[PDB]
């Protein structure tokens, strides 16, 4: 999974999350083509009978969440992560940090995340203070004894008032942002 974003001079905005599932997908390289093959179908639930059971021709459920935020019918921010099922959580938390805490955009991204999808699954980015982790786990949570990097947000903010764009890449990977002038 990767996410990448582009904005141009005619007001087009691209938020694009794209993947082959697991790293290298299935692992399979189409022989004499070099192409790595997805295992995307394993996003399907195993035990059948649900809404996300396997069916012929069915696209298996994704967690990809390419997003654009708009202020007054006009796009202002672009957000998207990879990280499997944690993507939802990453984007949501970025958005919080940017609009609810009014953080600088980079600060929004770099602010430690948590993810947890049941009472049995917790993950956290380094940065959550120990006293805090300890107090959470007393209360009934299961934050592991060591942290993990969650997601990789790239995002582009569109600055009307200064007529510019800001772009930022999460440090979780070696992402990079580069503007264009003229």
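Positions refer to the first chain, counted from 1.
Between 153 to 161 and 31 to 39, the higher mean Cα B-factor belongs to 31 to 39. 70 to 78 and 103 to 111 differ in mean CA B-factor, and the higher of the two is recorded for 70 to 78. Residue-level temperature factors show residue 1 in the lowest third of its chain, judged at the C-alpha atom.
Residue 64 sits in the middle third of its chain by CA B factor, as recorded in the PDB entry. Placement of the Cα temperature factor of residue 136 within the chain: middle third of the modelled residues, per the deposited record. In this PDB entry, residue 118 carries a Cα temperature factor that places it within the lowest third of its chain's modelled residues.
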